[PDB]
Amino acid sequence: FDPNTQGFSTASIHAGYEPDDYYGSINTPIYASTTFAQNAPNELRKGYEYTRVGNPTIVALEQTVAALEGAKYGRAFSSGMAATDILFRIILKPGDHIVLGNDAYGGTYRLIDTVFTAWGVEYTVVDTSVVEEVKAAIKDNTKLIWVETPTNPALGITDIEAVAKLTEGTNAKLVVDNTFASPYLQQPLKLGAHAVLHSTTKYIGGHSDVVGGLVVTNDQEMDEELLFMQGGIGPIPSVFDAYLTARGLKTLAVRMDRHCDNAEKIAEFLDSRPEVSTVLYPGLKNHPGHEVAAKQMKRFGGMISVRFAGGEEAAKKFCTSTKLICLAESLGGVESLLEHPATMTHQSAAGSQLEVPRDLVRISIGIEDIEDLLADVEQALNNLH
């Protein structure tokens, strides 16, 4: 398969597997085997030996996501968090420093601030939407600039190409967590990022039924260290999960186009309502970084955050008033979800500059019919009065 000559929807179905030369099954077989027979000691039959070191069903997934990012290399992990931990352990050692943003998944922040600081790593938080702030925070020991764009949950936007330029003449690498945009909307390697991280739990799987992570790169050395760590630390996905993830990925383009259609309409409806003080959606002209988003994103995504004029009580009542959109953690599935980040996904950021306003609700707009989602949002807003 050649990624450079085929479209995204084509690649999402065909980049990882073609019907094999044995039976020719249309889909990758599920190789639920921990081991593989060898033809003689350490002479492998067809490249595989032990599933923690490699399995074809997992490699199919890896190759697919790599192709969708414009990447030669990809490696999969048991979760987005485990992928982040492995990338941290490759890039950093005691005495090194990270530049991190001021709006970010609470789990990323918790890992740095609770775990990696106990192992000798330093960090600085900055507003990554201000290129000069990032530039000022880079020290001689900075090995990593960690960017999420759009950020979770406020949907803040960073200019990837501009921040990548800052790493020239330095030993810093730029890693973009591309979970919210997905590879369908944004390809950070093409703008100068060194590596890209995904939680495949979210949009790539798309069906809220498999936890997973994945790292992609064009750096063969980085691919070798990801493989070394995949096998040597062992946070590897199940073959069943890697099959389910890849299955979901086959509909990413059609899903995301509907998520973005729906979110544009719900954001416009929220922006007309006096219960709402602020709609956070990258496609709105006044959203901070809108012009950066429109240059680097194909569309503006399925996520919306909303700040309520009636404060935390209104935010929480909105959370318990919806009847189609479900109150739950996570995002990026076909079903619509909502949550209150200050008490739920980002309770771990309390006390830090990443702490989220208590009047804020984060909504993952699914692929249900827009008329039904508009009706549910409207009735929930009317339940506040």
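The first residue of the shown sequence is 1; numbering continues from there.
The stretch with the higher mean CA B factor, choosing between 111-119 and 72-80, is 111-119. The PDB entry records a higher mean C-alpha B factor for 143-151 than for its counterpart among 143-151 and 241-249. Among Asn27, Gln38, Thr51, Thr320, the highest C-alpha B-factor recorded in the PDB entry belongs to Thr320. Taking the deposited Cα B-factors for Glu224, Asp261, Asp103, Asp85, the highest one is held by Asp103. Per the deposited record, the Cα B-factor of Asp159 falls in the middle third when ranked against the other modelled residues of its chain. When the CA B factors of the chain's modelled residues are split into thirds, the value for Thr343 lands in the highest one.
The PDB entry assigns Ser352 a C-alpha temperature factor belonging to the highest third of its chain's modelled residues. In the PDB entry, a CA B factor belonging to the middle third of its chain's modelled residues is recorded for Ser330. Annotation for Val175: CA B-factor lies in the lowest third of the chain's modelled residues.
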